[PDB]
$ cat entry_5.pdb   # PDB, N, CA, C and O atoms
ATOM      1  N   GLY A   1       5.087   2.837  -3.782  1.00  0.00           N
ATOM      2  CA  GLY A   1       5.728   3.986  -3.085  1.00  0.00           C
ATOM      3  C   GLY A   1       4.979   4.276  -1.794  1.00  0.00           C
ATOM      4  O   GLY A   1       4.011   3.593  -1.458  1.00  0.00           O
ATOM      5  N   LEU A   2       5.445   5.286  -1.068  1.00  0.00           N
ATOM      6  CA  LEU A   2       4.823   5.652   0.199  1.00  0.00           C
ATOM      7  C   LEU A   2       3.370   6.063  -0.003  1.00  0.00           C
ATOM      8  O   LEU A   2       2.486   5.646   0.744  1.00  0.00           O
ATOM      9  N   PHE A   3       3.127   6.890  -1.012  1.00  0.00           N
ATOM     10  CA  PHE A   3       1.779   7.362  -1.295  1.00  0.00           C
ATOM     11  C   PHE A   3       0.882   6.207  -1.723  1.00  0.00           C
ATOM     12  O   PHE A   3      -0.233   6.057  -1.222  1.00  0.00           O
ATOM     13  N   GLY A   4       1.368   5.399  -2.656  1.00  0.00           N
ATOM     14  CA  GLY A   4       0.589   4.269  -3.141  1.00  0.00           C
ATOM     15  C   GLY A   4       0.201   3.343  -1.994  1.00  0.00           C
ATOM     16  O   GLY A   4      -0.864   2.729  -2.019  1.00  0.00           O
ATOM     17  N   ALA A   5       1.066   3.254  -0.986  1.00  0.00           N
ATOM     18  CA  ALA A   5       0.803   2.404   0.171  1.00  0.00           C
ATOM     19  C   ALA A   5      -0.357   2.958   0.993  1.00  0.00           C
ATOM     20  O   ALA A   5      -1.244   2.216   1.407  1.00  0.00           O
ATOM     21  N   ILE A   6      -0.343   4.267   1.226  1.00  0.00           N
ATOM     22  CA  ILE A   6      -1.407   4.896   2.003  1.00  0.00           C
ATOM     23  C   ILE A   6      -2.754   4.718   1.308  1.00  0.00           C
ATOM     24  O   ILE A   6      -3.722   4.275   1.922  1.00  0.00           O
ATOM     25  N   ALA A   7      -2.812   5.065   0.027  1.00  0.00           N
ATOM     26  CA  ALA A   7      -4.050   4.939  -0.734  1.00  0.00           C
ATOM     27  C   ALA A   7      -4.434   3.474  -0.904  1.00  0.00           C
ATOM     28  O   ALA A   7      -5.599   3.104  -0.762  1.00  0.00           O
ATOM     29  N   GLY A   8      -3.444   2.642  -1.206  1.00  0.00           N
ATOM     30  CA  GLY A   8      -3.692   1.221  -1.389  1.00  0.00           C
ATOM     31  C   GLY A   8      -4.188   0.603  -0.094  1.00  0.00           C
ATOM     32  O   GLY A   8      -5.014  -0.304  -0.111  1.00  0.00           O
ATOM     33  N   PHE A   9      -3.682   1.108   1.024  1.00  0.00           N
ATOM     34  CA  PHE A   9      -4.085   0.602   2.327  1.00  0.00           C
ATOM     35  C   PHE A   9      -5.562   0.900   2.584  1.00  0.00           C
ATOM     36  O   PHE A   9      -6.305   0.047   3.063  1.00  0.00           O
ATOM     37  N   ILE A  10      -5.975   2.111   2.271  1.00  0.00           N
ATOM     38  CA  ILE A  10      -7.360   2.498   2.487  1.00  0.00           C
ATOM     39  C   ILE A  10      -8.302   1.690   1.602  1.00  0.00           C
ATOM     40  O   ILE A  10      -9.464   1.490   1.950  1.00  0.00           O
ATOM     41  N   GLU A  11      -7.811   1.255   0.443  1.00  0.00           N
ATOM     42  CA  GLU A  11      -8.640   0.498  -0.503  1.00  0.00           C
ATOM     43  C   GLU A  11      -8.538  -1.015  -0.296  1.00  0.00           C
ATOM     44  O   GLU A  11      -9.552  -1.712  -0.281  1.00  0.00           O
ATOM     45  N   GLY A  12      -7.309  -1.521  -0.165  1.00  0.00           N
ATOM     46  CA  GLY A  12      -7.080  -2.963   0.002  1.00  0.00           C
ATOM     47  C   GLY A  12      -6.553  -3.301   1.394  1.00  0.00           C
ATOM     48  O   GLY A  12      -5.856  -4.297   1.573  1.00  0.00           O
ATOM     49  N   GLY A  13      -6.896  -2.481   2.383  1.00  0.00           N
ATOM     50  CA  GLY A  13      -6.454  -2.744   3.753  1.00  0.00           C
ATOM     51  C   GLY A  13      -4.979  -3.130   3.800  1.00  0.00           C
ATOM     52  O   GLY A  13      -4.170  -2.658   3.009  1.00  0.00           O
ATOM     53  N   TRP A  14      -4.638  -4.001   4.733  1.00  0.00           N
ATOM     54  CA  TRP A  14      -3.259  -4.446   4.875  1.00  0.00           C
ATOM     55  C   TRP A  14      -2.675  -4.893   3.531  1.00  0.00           C
ATOM     56  O   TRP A  14      -1.700  -4.314   3.039  1.00  0.00           O
ATOM     57  N   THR A  15      -3.272  -5.924   2.942  1.00  0.00           N
ATOM     58  CA  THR A  15      -2.801  -6.444   1.663  1.00  0.00           C
ATOM     59  C   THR A  15      -2.620  -5.319   0.654  1.00  0.00           C
ATOM     60  O   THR A  15      -1.739  -5.379  -0.206  1.00  0.00           O
ATOM     61  N   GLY A  16      -3.456  -4.298   0.769  1.00  0.00           N
ATOM     62  CA  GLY A  16      -3.388  -3.160  -0.130  1.00  0.00           C
ATOM     63  C   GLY A  16      -2.127  -2.342   0.120  1.00  0.00           C
ATOM     64  O   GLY A  16      -1.512  -1.827  -0.815  1.00  0.00           O
ATOM     65  N   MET A  17      -1.752  -2.224   1.388  1.00  0.00           N
ATOM     66  CA  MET A  17      -0.566  -1.464   1.757  1.00  0.00           C
ATOM     67  C   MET A  17       0.668  -2.023   1.065  1.00  0.00           C
ATOM     68  O   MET A  17       1.473  -1.274   0.507  1.00  0.00           O
ATOM     69  N   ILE A  18       0.810  -3.345   1.106  1.00  0.00           N
ATOM     70  CA  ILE A  18       1.956  -4.000   0.480  1.00  0.00           C
ATOM     71  C   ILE A  18       1.961  -3.762  -1.027  1.00  0.00           C
ATOM     72  O   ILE A  18       2.983  -3.386  -1.601  1.00  0.00           O
ATOM     73  N   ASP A  19       0.818  -3.995  -1.664  1.00  0.00           N
ATOM     74  CA  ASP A  19       0.711  -3.806  -3.107  1.00  0.00           C
ATOM     75  C   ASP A  19       1.124  -2.394  -3.499  1.00  0.00           C
ATOM     76  O   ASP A  19       1.876  -2.202  -4.452  1.00  0.00           O
ATOM     77  N   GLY A  20       0.631  -1.405  -2.760  1.00  0.00           N
ATOM     78  CA  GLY A  20       0.961  -0.013  -3.048  1.00  0.00           C
ATOM     79  C   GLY A  20       2.444   0.262  -2.816  1.00  0.00           C
ATOM     80  O   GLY A  20       3.055   1.052  -3.533  1.00  0.00           O
ATOM     81  N   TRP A  21       3.018  -0.400  -1.816  1.00  0.00           N
ATOM     82  CA  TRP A  21       4.433  -0.218  -1.508  1.00  0.00           C
ATOM     83  C   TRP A  21       5.300  -0.672  -2.681  1.00  0.00           C
ATOM     84  O   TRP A  21       6.215   0.038  -3.098  1.00  0.00           O
ATOM     85  N   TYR A  22       5.011  -1.861  -3.204  1.00  0.00           N
ATOM     86  CA  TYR A  22       5.777  -2.400  -4.327  1.00  0.00           C
ATOM     87  C   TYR A  22       5.352  -1.738  -5.636  1.00  0.00           C
ATOM     88  O   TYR A  22       6.167  -1.550  -6.539  1.00  0.00           O
ATOM     89  N   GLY A  23       4.075  -1.386  -5.731  1.00  0.00           N
ATOM     90  CA  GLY A  23       3.556  -0.747  -6.932  1.00  0.00           C
ATOM     91  C   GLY A  23       3.413  -1.757  -8.063  1.00  0.00           C
ATOM     92  O   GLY A  23       2.355  -2.361  -8.238  1.00  0.00           O
ATOM     93  N   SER A  24       4.485  -1.940  -8.826  1.00  0.00           N
ATOM     94  CA  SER A  24       4.466  -2.882  -9.938  1.00  0.00           C
ATOM     95  C   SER A  24       4.087  -4.278  -9.454  1.00  0.00           C
ATOM     96  O   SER A  24       2.915  -4.497  -9.195  1.00  0.00           O
TER
END

$ encode --input "entry_5.pdb" --output "structure tokens"
Amino acid sequence: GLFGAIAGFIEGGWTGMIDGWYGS
């Protein structure tokens, strides 16, 4: 989701943004 992307981005940088976006 949008939130998961922001947090995921801060943790896994770019690659993190995508993971957070898809979530599952």

$ residues_around --input "entry_5.pdb" --residues "residue 21 in chain A" --least-positions-apart "6" --cutoff "7 Å" --atoms "only N, CA, C and O atoms" --output "ChimeraX atom specification"
/A:1-6,8

$ axis_aligned_box --input "entry_5.pdb" --around "range 12-21 of chain A" --padding-each-side "6 Å" --output "AutoDock Vina command-line options"
--center_x -0.5 --center_y -2.7 --center_z 0.2 --size_x 25.5 --size_y 19.5 --size_z 21.3

$ atom_distance --input "entry_5.pdb" --atom1 "atom N of residue 24 in chain A" --atom2 "atom O of residue 10 in chain A"
18.0 Å

$ atom_distance --input "entry_5.pdb" --atom1 "atom N of residue 19 in chain A" --atom2 "atom N of residue 7 in chain A"
9.9 Å

$ atom_distance --input "entry_5.pdb" --atom1 "CA of residue 23 in chain A" --atom2 "CA of residue 9 in chain A"
12.1 Å

$ decode --input "entry_5.pdb" --residues "chain A" --atoms "N, CA and C atoms" --output "mmCIF file, in the first residue's frame"
data_model
loop_
_atom_site.group_PDB
_atom_site.id
_atom_site.type_symbol
_atom_site.label_atom_id
_atom_site.label_comp_id
_atom_site.auth_asym_id
_atom_site.auth_seq_id
_atom_site.Cartn_x
_atom_site.Cartn_y
_atom_site.Cartn_z
ATOM 1 N N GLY A 1 0.860 -1.215 0.000
ATOM 2 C CA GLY A 1 0.000 0.000 0.000
ATOM 3 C C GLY A 1 0.879 1.241 0.000
ATOM 4 N N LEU A 2 0.238 2.405 0.002
ATOM 5 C CA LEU A 2 0.968 3.666 -0.014
ATOM 6 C C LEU A 2 1.855 3.801 1.218
ATOM 7 N N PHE A 3 1.299 3.485 2.380
ATOM 8 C CA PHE A 3 2.045 3.586 3.627
ATOM 9 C C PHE A 3 3.201 2.593 3.646
ATOM 10 N N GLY A 4 2.912 1.346 3.301
ATOM 11 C CA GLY A 4 3.943 0.318 3.293
ATOM 12 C C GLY A 4 5.098 0.712 2.378
ATOM 13 N N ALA A 5 4.784 1.439 1.309
ATOM 14 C CA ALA A 5 5.804 1.882 0.363
ATOM 15 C C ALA A 5 6.722 2.917 1.007
ATOM 16 N N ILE A 6 6.130 3.876 1.711
ATOM 17 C CA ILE A 6 6.919 4.914 2.367
ATOM 18 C C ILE A 6 7.855 4.300 3.404
ATOM 19 N N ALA A 7 7.304 3.473 4.286
ATOM 20 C CA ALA A 7 8.105 2.832 5.323
ATOM 21 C C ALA A 7 9.093 1.846 4.711
ATOM 22 N N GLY A 8 8.622 1.074 3.739
ATOM 23 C CA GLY A 8 9.474 0.098 3.080
ATOM 24 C C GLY A 8 10.609 0.797 2.353
ATOM 25 N N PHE A 9 10.320 1.978 1.820
ATOM 26 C CA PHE A 9 11.326 2.746 1.105
ATOM 27 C C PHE A 9 12.441 3.186 2.053
ATOM 28 N N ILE A 10 12.057 3.662 3.220
ATOM 29 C CA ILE A 10 13.039 4.118 4.191
ATOM 30 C C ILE A 10 13.907 2.964 4.680
ATOM 31 N N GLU A 11 13.351 1.754 4.678
ATOM 32 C CA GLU A 11 14.082 0.576 5.162
ATOM 33 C C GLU A 11 14.830 -0.153 4.043
ATOM 34 N N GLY A 12 14.146 -0.393 2.921
ATOM 35 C CA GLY A 12 14.745 -1.117 1.790
ATOM 36 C C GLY A 12 14.953 -0.213 0.578
ATOM 37 N N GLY A 13 15.141 1.081 0.818
ATOM 38 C CA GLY A 13 15.373 2.014 -0.286
ATOM 39 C C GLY A 13 14.404 1.768 -1.438
ATOM 40 N N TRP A 14 14.879 1.994 -2.650
ATOM 41 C CA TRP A 14 14.049 1.794 -3.830
ATOM 42 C C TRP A 14 13.363 0.424 -3.804
ATOM 43 N N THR A 15 14.164 -0.637 -3.808
ATOM 44 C CA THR A 15 13.627 -1.993 -3.793
ATOM 45 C C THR A 15 12.585 -2.151 -2.696
ATOM 46 N N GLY A 16 12.776 -1.423 -1.605
ATOM 47 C CA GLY A 16 11.852 -1.481 -0.487
ATOM 48 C C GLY A 16 10.516 -0.845 -0.850
ATOM 49 N N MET A 17 10.575 0.233 -1.622
ATOM 50 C CA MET A 17 9.367 0.933 -2.035
ATOM 51 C C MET A 17 8.435 -0.002 -2.791
ATOM 52 N N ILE A 18 9.001 -0.754 -3.731
ATOM 53 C CA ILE A 18 8.209 -1.688 -4.527
ATOM 54 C C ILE A 18 7.587 -2.764 -3.641
ATOM 55 N N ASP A 19 8.407 -3.372 -2.789
ATOM 56 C CA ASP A 19 7.921 -4.421 -1.899
ATOM 57 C C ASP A 19 6.751 -3.920 -1.061
ATOM 58 N N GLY A 20 6.891 -2.721 -0.503
ATOM 59 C CA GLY A 20 5.832 -2.146 0.318
ATOM 60 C C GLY A 20 4.586 -1.854 -0.512
ATOM 61 N N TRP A 21 4.790 -1.458 -1.765
ATOM 62 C CA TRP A 21 3.670 -1.157 -2.651
ATOM 63 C C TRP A 21 2.820 -2.404 -2.884
ATOM 64 N N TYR A 22 3.476 -3.516 -3.205
ATOM 65 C CA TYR A 22 2.765 -4.770 -3.455
ATOM 66 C C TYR A 22 2.339 -5.419 -2.141
ATOM 67 N N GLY A 23 3.151 -5.239 -1.104
ATOM 68 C CA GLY A 23 2.848 -5.811 0.200
ATOM 69 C C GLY A 23 3.097 -7.314 0.201
ATOM 70 N N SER A 24 2.081 -8.078 -0.183
ATOM 71 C CA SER A 24 2.203 -9.530 -0.222
ATOM 72 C C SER A 24 3.369 -9.948 -1.113
#
